[PDB]
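As structure tokens, one chain now follows by itself in the form deposited without 2-oxoglutaric acid.
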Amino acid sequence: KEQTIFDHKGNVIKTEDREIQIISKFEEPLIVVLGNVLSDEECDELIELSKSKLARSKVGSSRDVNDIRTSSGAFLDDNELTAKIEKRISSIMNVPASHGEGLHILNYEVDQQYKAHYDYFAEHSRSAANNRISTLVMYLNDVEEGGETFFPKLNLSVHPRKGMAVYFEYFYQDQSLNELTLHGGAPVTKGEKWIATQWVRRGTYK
């Protein structure tokens, strides 16, 4: 029987540049809370990179490619920081960084809510052939109240904490296990919430 993609024994993941803590696991589908994934400074820098990229990509600017408004503008431009972090993430996720879509940065304001959703795409969808297989959500700041990552079919919540992350995979043969990774963010009620996400495809993506 094919084992989980995430393949780590023990209570830490030793990456080239950082020791990540394995905090807790829901065992099937695999959902893993991870500590110390990003430094505080790295969290702050990813937020700043997202803001500065946006401030200079408006209408009339030279590089306002149309697709960035619908809706790829949340992916960071490549630089030495994003390469460093994607390399670390690849050790955590056991999949080369070439399979990653790249660091996607998003913020949630008070009382905003998304529906719970799946991260993988629908069958016969455009991305079905080389679908997403696993996700890493990195919390880039502390949230005074609300903002939990909630898995409603499992009744499991992961609360945001700067530098912490939640990993989950949905590449199971039994499709019901993949559907149990349905998830959304509980509303922020005090503060704001910043996350970086790495979505990993079955095959190479970039």
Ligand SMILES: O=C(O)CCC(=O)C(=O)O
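Shifts are known only where both forms have a C-alpha. Heads up, when I say rigid core I mean the largest set of C-alphas that superpose within 1.5 Å between the two forms. Position 1 is the first residue in the sequence shown; the rest follow in order.
Mean CA B-factor, 192 to 200 versus 11 to 19: the higher value falls on 11 to 19. Comparing the deposited coordinates for 56 to 64 and 147 to 155, the stretch with the larger average C-alpha B-factor is 56 to 64. Per the deposited coordinates, the residue with the largest Cα temperature factor out of 133, 81, 89, 128 is 128. Per the deposited coordinates, the residue with the largest Cα temperature factor out of 179, 40, 142, 27 is 27.
The entry lists a Cα temperature factor for residue 109 that places it in the lowest third of the chain's modelled residues. The deposited CA B-factor of residue 119 belongs to the middle third of values across its chain.
In the deposited entry, the Cα temperature factor of residue 85 places it in the lowest third of its chain's modelled residues.
In this PDB entry, residue 103 carries a Cα temperature factor that places it within the lowest third of its chain's modelled residues.
Heads up, the form solved in complex with 2-oxoglutaric acid isn't pictured, but that's what we're talking about next.
With 2-oxoglutaric acid left out of view, the stretch that reaches within 4.5 Å of it through heavy atoms in the deposited complex is, among 108 to 116, 89 to 97, 121 to 129, 68 to 76, 108 to 116. This chain appears without its partner; in the deposited complex, the one residue of 137, 140, 31, 34 with a heavy atom within 4.5 Å of 2-oxoglutaric acid is 137.
2-oxoglutaric acid is not shown here, and in the deposited complex it never comes within 4.5 Å of any heavy atom of residue 191. Interface membership of residue 185, defined by any non-hydrogen atom within 4.5 Å of 2-oxoglutaric acid in the deposited complex, is confirmed. For the chain shown alone, residue 199 is a contact residue for 2-oxoglutaric acid in the deposited complex, at least one non-hydrogen atom being within 4.5 angstroms. Of the heavy atoms in residue 178, none are within 4.5 Å of 2-oxoglutaric acid in the deposited complex.
Fitting the two forms on the rigid core leaves the C-alpha of residue 28 displaced by under 2 angstroms between the shown form and the other one. Taking 2 Å as the criterion, residue 174 does not count as shifted between the shown form and the other one: its C-alpha moves by less than this amount when the rigid core is aligned. After superposing the rigid core, the C-alpha of residue 154 moves by less than 2 Å between the shown form and the other one. Relative to this form, residue 49 and residue 69 separate from one another in the deposited complex, with their C-alpha atoms ending up at least 3 Å farther apart. Cα-Cα spacing of residue 67 to residue 80 is enlarged in the deposited complex versus the present form (difference of at least 3 Å).
Residues present in both forms were considered; between the shown form and the other one, the rigid-core fit shows Cα displacements of 2 Å or more across three or more consecutive positions only at 53 to 71.
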